[PDB]
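Those letters in the sequence shown? Residues 3 to 190, 200 to 455, by PDB author numbering.
Input: a single structure, listed below in structure tokens.
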Amino acid sequence: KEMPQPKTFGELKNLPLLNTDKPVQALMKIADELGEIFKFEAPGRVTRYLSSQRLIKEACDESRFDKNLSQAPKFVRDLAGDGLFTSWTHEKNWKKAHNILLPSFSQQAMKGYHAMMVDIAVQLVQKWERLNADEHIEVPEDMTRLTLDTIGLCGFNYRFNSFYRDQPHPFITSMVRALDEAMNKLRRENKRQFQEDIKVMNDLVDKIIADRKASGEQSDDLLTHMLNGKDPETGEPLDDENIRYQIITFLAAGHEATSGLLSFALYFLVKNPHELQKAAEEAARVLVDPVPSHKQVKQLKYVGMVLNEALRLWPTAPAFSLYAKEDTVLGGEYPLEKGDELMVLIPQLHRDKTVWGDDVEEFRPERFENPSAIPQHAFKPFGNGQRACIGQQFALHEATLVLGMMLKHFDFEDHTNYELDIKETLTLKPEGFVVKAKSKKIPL
Ligand code: HEM
Ligand SMILES: NCCc1ccc(O)c(O)c1
């Protein structure tokens, strides 16, 4: 078969369709019009956007396709070097870092990060306790303070102290503006600003790395695990520059996807008072202590379904790219040559009615009551295979912990009847999402 293609702009091909503040949402509507697969061209490039489980299940075959650096990864490499998110699978550093870090990202390791995550989670609860009557919460704003701070502490025992600030730590300022300057190229002076922001970031990370080496200190952070770890295959440790790239990667790549998830989840729950009540009821039943234990977080199952359903509707890291390792036919109908690229459009996958049923636009956490009912590769918010999100257990333990506590400690009002507005950076979030809290007065 011959692939549909969206509207073209003379010599710029489909490029100007990406000249927009909301390009994922623009691609979703094209997929609505054109179906499970379309060709997208720009000067010098072509890729194909996939939307059906039928096709994505083959694109997720790792004997046939591997991770491609385009978009999210390629421009981000300018700040995260050959960290895990921005390295090709065949780069020696990717496989080294993968084998060394997998153990520090498992469910087991979350027990070691648990206390630092509760540290920051408590600051968030205390902030909201301490608002006056008539004040309100800026949700993605507070979520982003929390996830950056949690990553900083779990990653390299460094405190950005975001809940003490109107103006973020200069590193965060630099990293935010550096992701902005990366993302903005997707369509095209402050080149020396980027160079300054990179240098702010490296100098800080290399400092903490040297300081930790000089001190000999052992703590419960990822930096300790990186300075200590040896790859079983090569027998080598990571070098100091690579360790710095990983720390920046966890911050640049991990914080926003995770605050986005918390924000959408809260958005869905306030728009669906029956499901908020069910999740509040589980939080009260389970979180019986002043501060949550790791084990109690594992017990918040409904809260976990809530998060999964939020990720289904609005996967906050919304697309990833693959290349064909050899000539191959996709779907029985589309021949591809080696090197041919594909984009997996996750929010559209997650709306595949053949897989989810007809109610795909509905918020329904009970969909995830039995995960084995979901066909393979139908739900991919953490990507695929050996290149899937190393931070997934981190991200979900964090979101479950935090949502669980917010639900234990507060009732919520959508006091403005907020109209969803999805801002896109490298990630997705509900821009301007605001709520009022009313404390249940449960002491920490
Ligand atoms: C809800 C939050 C998150 C979502 C939805 C998410 C999603 C994803 C996705 C889709 C990819 C695949 C990218 C690709 O194929 O090009 C990925 C990779 C990755 N993510 Fe996340 N992520 C989240 C949180 C985090 C956190 C908290 C960390 C902290 C370390 C993190 C670190 C990474 C890294 C290092 C990779 C590359 C892994 C590899 O290729 O070896 N992520 N993530
Ligand atoms: N760790 C999440 C990093 C990330 C952010 C945006 C994306 O589109 C993506 O594929 C991955």
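For every residue, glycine included, the Cβ atom is placed at its ideal position computed from N, Cα and C.
Of the residues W325, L455, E247 and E380, the one whose Cα lies closest to the Cα of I102 is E247. Taking the CA atoms as reference points, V413 sits about 16 Å from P454.
Remark: the shortest separation between the CB of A410 and any heavy atom of ligand 2 does not fall under 7 Å. One thing to note: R223 has its Cβ no nearer than 8 Å to the Cβ of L233.
If only complete runs of 4 or more residues are kept, the segment 387 to 440 shows the alpha helix (DSSP H) at 403 to 420, in order along the chain. Near ligand 2, meaning a beta-carbon closer than 7 Å to one of its heavy atoms, we find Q73, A74, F87, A264, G265, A268, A328, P329, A330, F331, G394, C400, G402, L437 and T438. If you draw a straight line from the Cα of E140 to the Cα of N163, it is about 17 Å long.
When C-beta atoms of the segment 353 to 361 are compared with those of the segment 90 to 97, fewer than three pairs fall below 8 Å, so the two segments do not count as touching. Counting other Cβ atoms within 10 Å of its Cβ, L104 stays below 16 and is therefore classed as exposed.
For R47, the closest of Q55, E13 and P25 by C-alpha to C-alpha distance is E13. Taking the Cα positions, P382 is about 23 Å away from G271. Fully enclosed alpha helix (DSSP H) runs of no fewer than 4 residues occupy 284 to 297 of the segment 274 to 302, in order along the chain. In the DSSP assignment, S332 falls within the unbroken beta strand (DSSP E) covering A330 to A335. Pairing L333 with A263, the inter-Cα distance amounts to about 21 Å.
Its Cα nearest to that of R147, the residue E267 stands out among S72, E267 and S53. Taken from the Cβ of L414, every heavy atom of ligand 1 lies 7 Å or farther away. Of the candidates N21, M30, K9 and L324, the residue whose Cα lies closest to the Cα of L356 is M30.
Annotation for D80: the continuous alpha helix (DSSP H) segment containing it runs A74 to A82.
In this structure, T88 places its C-beta atom within 8 Å of the C-beta atom of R79.
Not a single heavy atom of ligand 1 lies less than 7 Å from the C-beta of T235.
Per the C-alpha coordinates, the member of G443, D250, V124 and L318 positioned closest to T269 is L318. With contacts defined as CB atoms closer than 8 Å, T149 and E320 fail to qualify as a contacting pair. Counting only runs of 4+ residues, the alpha helix (DSSP H) found wholly inside the segment 101 to 181 occupies 109 to 131 and 141 to 158, in chain order. Ligand 1 has a heavy atom closer than 7 Å to the beta-carbon of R398. The residues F77, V78, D80 and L81, in chain order, have a CB closer than 7 Å to that of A184 in the same chain once the five nearest residues on each side in sequence are set aside. According to the DSSP secondary-structure assignment, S450 is paired through a beta bridge with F421. Between the segment 348 to 355 and the segment 45 to 59, the count of C-beta pairs closer than 8 Å reaches three or more; the two stretches touch. Per DSSP, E43 is not a residue of any alpha helix (DSSP H); the beta strand (DSSP E) it occupies stretches across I39 to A44. Non-local C-beta neighbours of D182 in its own chain, meaning closer than 8 Å and more than five positions away in sequence, comprise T436, ordered along the chain.
The straight-line gap separating the alpha-carbon atoms of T175 and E207 is approximately 11 Å. A direct Cα-to-Cα measurement between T365 and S54 gives close to 9 Å. Within the segment 310 to 364, complete alpha helix (DSSP H) segments of at least 4 residues are found at 312 to 324 and 357 to 360, given in chain order. Taking C-beta atoms as the reference points, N16 and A44 count as a pair closer than 8 Å.
Judged by the Cβ position, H305 fails to qualify as a neighbour of ligand 1 at the 7 Å threshold, every heavy atom of the ligand being at least this far.
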